[PDB]
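**Q** once you've seen the sequence and the experimental structure below, I've got questions.
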Amino acid sequence: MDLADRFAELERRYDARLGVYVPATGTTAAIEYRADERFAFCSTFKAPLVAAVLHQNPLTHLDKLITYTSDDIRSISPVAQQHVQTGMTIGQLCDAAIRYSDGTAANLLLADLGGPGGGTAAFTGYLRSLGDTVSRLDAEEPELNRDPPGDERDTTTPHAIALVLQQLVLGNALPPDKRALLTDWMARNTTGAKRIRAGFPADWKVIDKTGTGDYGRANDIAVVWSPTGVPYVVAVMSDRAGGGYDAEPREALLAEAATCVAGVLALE
Ligand SMILES: *C(=O)/C=C/NCC(=O)CCO
């Protein structure tokens with residue numbers, strides 16, 4: 001009963017492909033299950049996206065008001081819909097992209113980062129600047145969530161995104177003030193209750209960014225801290241391609257994979 005066997009039973013039971021990665025630490029081996037297989041980013045890109053915007057600009061740029069119209073809202077945009085008439089600051093947009101996975105907000109940030117038509121390449125660029133040669137973004141919201149299985153476009157791997165996240169929240173990719181903005185937004189994420197959060201004890205701190213898409217895609221990327229402040233990164237990615245484009249994703253698959261992880265991490 002190694003951990004791969006547990007993860008395998010999750011795949012059989014949920015009729016799903018599961019990718020897990022937890023980086024090695026000074027005292028823990030890496031946990032890897034299909035860690036180098038590709039999976040669609042879905043909204044998980046929005047956390048490194050906010051880092052890219054933060055990194056490239058002074059903090060005052062978060063005060064810049066971005067105006068848009070209803071025609072820009074071509075995907076699920078719970079916060080952009082409430083502020084359509086009055087606009088949103090760059091900071092508000094980072095907030096919305098992360099905490100509510102707002103589609104329009106991510107697209108506007110992509111435009112800020114690389115101009116219209118340059119955003120996805122510029123975001124991909126930021127990942128390469130962090131030594132991630134694997135991940136790629138090619139489309140905006142909503143198309144990015146809708147590539148077919150096996151399409152390399154708009155994919156990362158659990159391994160690659162976990163190491164990106166580690167550098168962003170736990171290493172020195174961002175200065176401490178910008179880093180804390182990113183961390184705070186992910187800590188107050190509202191979409192992640194039934195995924196990695198549900199598999200860690202309440203006294204562990206969890207920050208995360210979810211992703212959901214076609215072919216039953218459900219992702220979550222988290223940084224967690226043990227009750228005495230020991231940090232770990234957890235990438236949990238999944239799809240259910242057998243049910244077709246409209247396949248229902250299963251959040252409980254992620255909660256279980258995360259419970260497996262937490263079980264290993266919390267035991268002495
Ligand atoms: C971030 O992952 C946004 C995803 N939007 C598409 C869906 O959520 C598909 C089903 O709602």
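**A** Sure, I can see it. Numbers count the residues shown, from 1 in each chain.

**Q** going forward, measure contacts between C-alpha atoms and count neighbours the same way
**A** Fine.

**Q** and the stretch 1-150 of the chain, which of its residues are near the ligand?
**A** Proximity of the stretch 1-150 of the chain to the ligand (C-alpha under 6 Å from any ligand atom) is limited to residues 42-43, 101.

**Q** would you agree residue 42 is in contact with residue 143?
**A** No - counting by C-alpha atoms under 8 Å, residue 143 is not a contact partner of residue 42; they are 9.5 Å apart.

**Q** more neighbours: the two, which one.
**A** residue 42 (28 against 15; other C-alpha atoms under 10 Å).

**Q** which residues touch the more buried one?
**A** With contact taken as C-alpha atoms under 8 Å, 6 or more residues apart in numbering, residue 42 is in contact with 144-145, 154, 211-213, 217, 219.

**Q** and for residue 92?
**A** residue 62.

**Q** repeat that for the one 10 residues further on.
**A** Applying C-alpha under 8 Å, 6+ apart, we find residue 102 in contact with 76-80, 96.

**Q** inside helices: which ones of those residues?
**A** Judged by DSSP state H, the contacts of residue 102 include 78-80, 96 as members of helices.

**Q** switch the residues you listed over to CSV; also include neighbour count and distance to residue 192.
**A** Listed next are these as CSV, based on neighbours: other C-alpha atoms under 10 Å; distance: C-alpha to C-alpha, whole Å:
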residue, neighbour count, distance to residue 192
78, 17, 15
79, 21, 17
80, 25, 20
96, 24, 14
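
**Q** which of the contacts of residue 42 sits closest to residue 242?
**A** Taking C-alpha to C-alpha as the measure, residue 242 sits nearest to residue 217 out of the contacts of residue 42, at 11.4 Å.

**Q** look at the closest residue to the ligand within the stretch 151-268 of the chain and say how many residues are nearby.
**A** In the stretch 151-268 of the chain, the residue that lies nearest the ligand is residue 211 (3.5 Å; C-alpha to the nearest ligand atom). Here the number of neighbours of residue 211 (other C-alpha under 10 Å) works out to 22.

**Q** any idea which element it lies in?
**A** According to DSSP states H and E, residue 211 maps onto strand 205-213.

**Q** helix or strand right after that strand?
**A** Later in the chain than strand 205-213, the nearest helix or strand by DSSP H and E is strand 217-225.

**Q** how distant is the next helix or strand after that following strand from the center of its chain?
**A** Once the chain leaves strand 217-225, the next helix or strand it forms, by DSSP H and E, is strand 231-239. Computed by C-alpha atoms, centre = their mean, to the nearest Å, the chain-centroid distance of strand 231-239 equals 9 Å.

**Q** now the following helix or strand past strand 231-239 - C-alpha only, PDB.
**A** The C-terminal neighbour of strand 231-239 among helices and strands, as given by DSSP H and E, is helix 251-266. Only the C-alpha atoms of helix 251-266 are listed here, as PDB (Å, rounded to 0.1, in the frame of the first residue of the first chain):
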ATOM      1  CA  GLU A 251     -14.200  18.300  -6.500                       C
ATOM      2  CA  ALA A 252     -14.300  15.300  -4.000                       C
ATOM      3  CA  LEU A 253     -11.500  13.700  -6.100                       C
ATOM      4  CA  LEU A 254      -9.300  16.600  -5.200                       C
ATOM      5  CA  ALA A 255     -10.300  16.700  -1.500                       C
ATOM      6  CA  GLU A 256      -9.300  13.000  -1.300                       C
ATOM      7  CA  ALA A 257      -6.000  13.300  -3.100                       C
ATOM      8  CA  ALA A 258      -5.200  16.300  -0.700                       C
ATOM      9  CA  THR A 259      -6.200  14.100   2.300                       C
ATOM     10  CA  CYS A 260      -3.700  11.500   1.200                       C
ATOM     11  CA  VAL A 261      -1.000  14.200   1.000                       C
ATOM     12  CA  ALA A 262      -1.900  15.800   4.400                       C
ATOM     13  CA  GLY A 263      -1.900  12.300   6.000                       C
ATOM     14  CA  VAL A 264       1.700  11.900   4.900                       C
ATOM     15  CA  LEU A 265       2.700  15.500   5.800                       C
ATOM     16  CA  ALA A 266       1.100  15.700   9.300                       C
END
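
**Q** before we move on, back to that, dump the ones in helices among the contacts of residue 102 to JSON lines, plus distance to residue 168.
**A** Formatted as JSON lines, these follow (distance: C-alpha to C-alpha, whole Å):
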{"residue": "78", "distance to residue 168": "26"}
{"residue": "79", "distance to residue 168": "25"}
{"residue": "80", "distance to residue 168": "26"}
{"residue": "96", "distance to residue 168": "19"}
